[PDB]
Amino acid sequence: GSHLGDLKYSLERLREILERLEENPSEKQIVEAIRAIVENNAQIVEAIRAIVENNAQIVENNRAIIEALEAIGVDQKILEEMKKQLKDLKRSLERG
Amino acid sequence: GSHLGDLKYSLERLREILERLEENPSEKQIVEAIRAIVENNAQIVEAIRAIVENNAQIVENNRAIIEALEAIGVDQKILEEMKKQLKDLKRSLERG
Amino acid sequence: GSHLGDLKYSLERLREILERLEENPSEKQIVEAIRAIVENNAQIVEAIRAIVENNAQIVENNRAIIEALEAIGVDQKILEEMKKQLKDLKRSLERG
């Protein structure tokens with residue numbers, strides 16, 4: 001997926017590059033700035049993506065909990081409303 | 001919200017641009033690199049944002065579960081501690 | 001953590017810079033574009049990171065719910081499977 005540590009570290013290094021860029025604008029600093037940004041973007045995208053997939057599992061887990069609740073005689077008046085929310089919520093997480 | 005597929009695809013294309021930039025630095029490649037980054041950033045931000053809103057729903061769903069649990073006589077000793085966590089957790093997700 | 005409002009706002013401003021860059025490419029617009037991107041990246045990373053930590057709390061909360069469910073005599077046949085999922089899910093959220 002993605003390593004948050006490396007991303008955050010790289011971000012601070014990106015800041016360092018920016019400061020050097022602004023102090024002395026140059027083609028070198030521009031390219032190096034872009035490089036660091038692109039490398040960060042790779043981790044940025046994956047960490048966003050992986051979270052969504054994880055969220056889908058969380059929502060699916062919640063659905064399993066709803067079953068567990070119903071199993072031991074929880075009023076459907078409560079559960080059914082969560083079922084509506086969980087269904088639509090999951091939909092908003094999945095892609096295809 | 002955001003389309004993870006298009007973002008990831010665009011990311012790989014951004015990498016392609018970077019490689020071309022480094023091999024032959026130019027104003028063209030710099031601008032095109034920035035363009036792709038900015039377009040990615042649009043999806044990056046929204047996918048981050050949308051997740052937080054979705055998380056708020058998940059936490060709210062958990063609160064509904066707590067009610068369902070209490071309804072059928074779960075010891076408050078357990079539920080009350082989750083209520084504390086869910087309250088603060090939700091707070092950290094909301095903005096305004 | 002991160003302020004979604006400021007990030008989204010800054011994103012739209014970044015777009016504005018891009019449009020100016022493309023219309024009239026220049027060292028100034030390039031540096032300013034990078035600056036805005038880097039500043040966004042700071043918020044982008046943190047909002048990604050903070051979510052993962054929040055997700056860990058959500059999964060931990062789900063584990064607490066499992067206990068609450070078991071407390072009042074939910075069939076382990078259901079709970080144990082969630083325990084397996086929650087354990088691995090948490091693992092995928094934590095870093096170190």
# chains A, B, ... in the order shown; residues from 1 in each chain; ligands from 1
$ interface_residues --of "chain B" --to "chain A" --cutoff "10 Å" --atoms "only C-alpha atoms" --output "ChimeraX atom specification"
/B:1-5,7-8,11-12,14-15,17-19,21-22,25-27,29-30,33-34,36-37,40-41,43-51,54-55,57-58,60-62,64-65,67-73
$ write_last_selection --atoms "C-alpha atoms" --output "PDB file, in the first residue's frame"
ATOM      1  CA  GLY B   1     -16.222  12.836  -5.007  1.00  0.00           C
ATOM      2  CA  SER B   2     -13.177  11.268  -6.659  1.00  0.00           C
ATOM      3  CA  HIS B   3     -12.328   8.443  -9.056  1.00  0.00           C
ATOM      4  CA  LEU B   4      -9.442   6.369  -7.715  1.00  0.00           C
ATOM      5  CA  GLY B   5      -8.888   4.636 -11.053  1.00  0.00           C
ATOM      6  CA  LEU B   7      -6.080   9.207 -10.255  1.00  0.00           C
ATOM      7  CA  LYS B   8      -3.854   6.127 -10.156  1.00  0.00           C
ATOM      8  CA  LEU B  11      -0.142   9.119 -11.482  1.00  0.00           C
ATOM      9  CA  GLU B  12       1.647   6.590 -13.686  1.00  0.00           C
ATOM     10  CA  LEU B  14       2.923  11.725 -14.268  1.00  0.00           C
ATOM     11  CA  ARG B  15       5.838   9.378 -13.608  1.00  0.00           C
ATOM     12  CA  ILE B  17       6.502  12.818 -17.660  1.00  0.00           C
ATOM     13  CA  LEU B  18       9.041  13.025 -14.837  1.00  0.00           C
ATOM     14  CA  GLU B  19      11.305  10.495 -16.550  1.00  0.00           C
ATOM     15  CA  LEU B  21      11.803  15.699 -17.771  1.00  0.00           C
ATOM     16  CA  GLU B  22      14.908  14.302 -16.081  1.00  0.00           C
ATOM     17  CA  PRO B  25      14.917  19.125 -18.910  1.00  0.00           C
ATOM     18  CA  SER B  26      12.741  21.697 -20.670  1.00  0.00           C
ATOM     19  CA  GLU B  27      10.091  24.354 -20.064  1.00  0.00           C
ATOM     20  CA  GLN B  29       8.186  19.130 -19.649  1.00  0.00           C
ATOM     21  CA  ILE B  30       8.103  21.326 -16.547  1.00  0.00           C
ATOM     22  CA  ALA B  33       4.581  17.910 -15.188  1.00  0.00           C
ATOM     23  CA  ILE B  34       2.897  20.665 -13.179  1.00  0.00           C
ATOM     24  CA  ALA B  36      -0.542  16.552 -14.405  1.00  0.00           C
ATOM     25  CA  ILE B  37       0.298  17.186 -10.753  1.00  0.00           C
ATOM     26  CA  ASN B  40      -3.982  14.801  -9.700  1.00  0.00           C
ATOM     27  CA  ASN B  41      -4.139  17.179  -6.736  1.00  0.00           C
ATOM     28  CA  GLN B  43      -8.626  14.181  -7.173  1.00  0.00           C
ATOM     29  CA  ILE B  44      -6.186  13.766  -4.288  1.00  0.00           C
ATOM     30  CA  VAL B  45      -7.902  16.441  -2.201  1.00  0.00           C
ATOM     31  CA  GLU B  46     -11.435  15.213  -2.867  1.00  0.00           C
ATOM     32  CA  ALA B  47     -10.599  11.585  -2.095  1.00  0.00           C
ATOM     33  CA  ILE B  48      -9.072  12.701   1.198  1.00  0.00           C
ATOM     34  CA  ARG B  49     -12.060  14.921   1.970  1.00  0.00           C
ATOM     35  CA  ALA B  50     -14.739  12.409   0.987  1.00  0.00           C
ATOM     36  CA  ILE B  51     -13.144   9.756   3.196  1.00  0.00           C
ATOM     37  CA  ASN B  54     -17.541   8.841   5.171  1.00  0.00           C
ATOM     38  CA  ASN B  55     -15.657   8.206   8.412  1.00  0.00           C
ATOM     39  CA  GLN B  57     -20.904   8.316   8.970  1.00  0.00           C
ATOM     40  CA  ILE B  58     -19.055   5.222  10.181  1.00  0.00           C
ATOM     41  CA  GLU B  60     -22.249   7.802  13.666  1.00  0.00           C
ATOM     42  CA  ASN B  61     -23.147   4.245  12.674  1.00  0.00           C
ATOM     43  CA  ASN B  62     -21.078   2.979  15.601  1.00  0.00           C
ATOM     44  CA  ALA B  64     -26.259   3.715  16.515  1.00  0.00           C
ATOM     45  CA  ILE B  65     -24.793   0.293  17.284  1.00  0.00           C
ATOM     46  CA  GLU B  67     -27.853   2.175  21.157  1.00  0.00           C
ATOM     47  CA  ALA B  68     -28.691  -1.225  19.678  1.00  0.00           C
ATOM     48  CA  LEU B  69     -26.383  -2.855  22.222  1.00  0.00           C
ATOM     49  CA  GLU B  70     -27.876  -0.965  25.163  1.00  0.00           C
ATOM     50  CA  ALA B  71     -31.377  -1.786  23.929  1.00  0.00           C
ATOM     51  CA  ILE B  72     -30.886  -5.460  24.761  1.00  0.00           C
ATOM     52  CA  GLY B  73     -29.117  -5.019  28.067  1.00  0.00           C
TER      53      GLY B  73
END
$ atom_distance --atom1 "CA of residue 56 in chain C" --atom2 "CA of residue 91 in chain C"
8.8 Å
